[PDB]
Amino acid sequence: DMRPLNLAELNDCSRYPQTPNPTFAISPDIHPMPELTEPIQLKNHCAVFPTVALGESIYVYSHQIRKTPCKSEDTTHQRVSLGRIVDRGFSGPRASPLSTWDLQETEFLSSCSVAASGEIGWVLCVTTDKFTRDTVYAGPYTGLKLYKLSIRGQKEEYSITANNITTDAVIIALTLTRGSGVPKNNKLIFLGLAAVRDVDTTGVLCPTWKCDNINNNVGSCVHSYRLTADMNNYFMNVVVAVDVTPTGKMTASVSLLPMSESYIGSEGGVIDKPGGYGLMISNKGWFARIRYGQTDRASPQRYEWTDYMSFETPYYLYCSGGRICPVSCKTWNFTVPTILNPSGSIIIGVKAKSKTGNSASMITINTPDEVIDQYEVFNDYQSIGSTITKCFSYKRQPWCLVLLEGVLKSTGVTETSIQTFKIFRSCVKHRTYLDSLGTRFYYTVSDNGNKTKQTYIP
């Protein structure tokens, strides 16, 4: 019933030269997945840091489990479940859980993320001897552990010590983001967050316009990567690549995303695309827009980056706005979109939500500079602290799910939940967009190199 979304097919409007532009709309109905939805706390245990991956028919879903008052040091195991996304006669898909595992060892599995390839599930975890509130910022960590899972049961476990991981930076702490990894070539590629020393600052992304009460923009930009009193500890994103050889030997590498390519280490995920992969990031910091970096064979550079000025992060729920300028305020909320075309020039995601200020969640479909469609949703939540959107083919139609963490209004209970909604694809003469007041418009491009708007009257 469920397969990966074929992005090339979804965007193939080429047989329609008179309506050649792909576009997308959000279907008005949100559908529950009750078997994948649960409170954070239940009967002396907490289930935190949810992460999900989708494969051919299967999903892989995982939470870190803690006992007692649910501090970091109370972590007891990693719960992982594998099931299928199926039609059970409802208007939206449902989960059919097949296997649940409780993964554990003497060391803590301090941070884990999941991936799926075909009907095989993978769980990659950072291991540590001690796990505290400070592990994410200062470590230490001892290595990685990789679990291979199928419907029947666990197949294999692999591990590698930190000293055997090839790295291009001085890495003091390593955490995996909640977004899934992706199988690419014979490897698994995951996004990580690392505490790093001795980094190069050349080319740090930083505006050159005037910023309030700042003469040295560059220094403010560099300083804003730091989360602790240690002046030589920068919080940055890394790409974690793991391989298992036929002999069953695990190798791993961790590659820094330099300051010239990305902002402070933030949540995100790896995106599969034809011919490569991308890194979708929901910045914690002052550059408060979604960014997407993808492999670029043509360009000698590794990653080509897209800034979605149209798609704000949750930054402004809790930090002051204004001209985009380096400041210290950060949010830990995050919203990871996914791509709807091969190049990621069209993305879809779900906004977060505060309990104040007329804050509302929205599903939004965007290009870098425009909003294609948006829909206010999740009035049943008083707040939403994180979202991860993933899309797939179900019943031969484009569908998406969102994994979110938030507080339900009716009960005040914090929950992790997964819900689904259908997408509508069409091929159009002129793609329409929404202006800041919600009026729909399109551009009547001209051959001399000009564009003018026009209002869509329904």
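In case it trips you up, residue 1 is the first one in the sequence shown, and so on.
K.L.:
If you average the Cα B factors in the entry, which is higher, 116-124 or 247-255?
P.N.:
Looking at the record's C-alpha B-factors, the answer is 247-255.
K.L.:
Look up the CA B-factors in the entry and say which stretch, 193-201 or 174-182, has the higher mean.
P.N.:
It is 193-201 that shows the higher mean C-alpha B-factor.
K.L.:
I'd like to know which of 138, 360, 346, 371 has the highest C-alpha temperature factor in the PDB entry.
P.N.:
Checking the PDB record, the top C-alpha B-factor among 138, 360, 346, 371 is at 138.
K.L.:
Per the coordinate record, which of the options 97, 89, 278, 285 holds the highest CA temperature factor?
P.N.:
It is 89.
K.L.:
Sorting by Cα B-factor within the chain, modelled residues only, which third would residue 11 end up in: lowest, middle or highest?
P.N.:
As the PDB entry reports it, the C-alpha B-factor of residue 11 lands in the middle third of its chain.
K.L.:
Test of reading the entry: by CA B factor among the chain's modelled residues, which third contains residue 261?
P.N.:
It belongs to the middle third of the chain when residues are ordered by C-alpha B-factor.
K.L.:
By the record's CA B-factor, is residue 63 among the lowest, middle or highest third of residues in the chain?
P.N.:
It falls in the bottom third of the chain.
K.L.:
Would you check the entry's CA temperature factor for residue 429 and let me know if it's in the chain's lowest, middle or highest third?
P.N.:
Middle third of the chain for residue 429's C-alpha B-factor.
K.L.:
State the tercile, meaning the lowest, middle or highest third, of residue 209 with respect to the CA B-factors recorded for its chain.
P.N.:
CA B-factor rank for residue 209: highest third.
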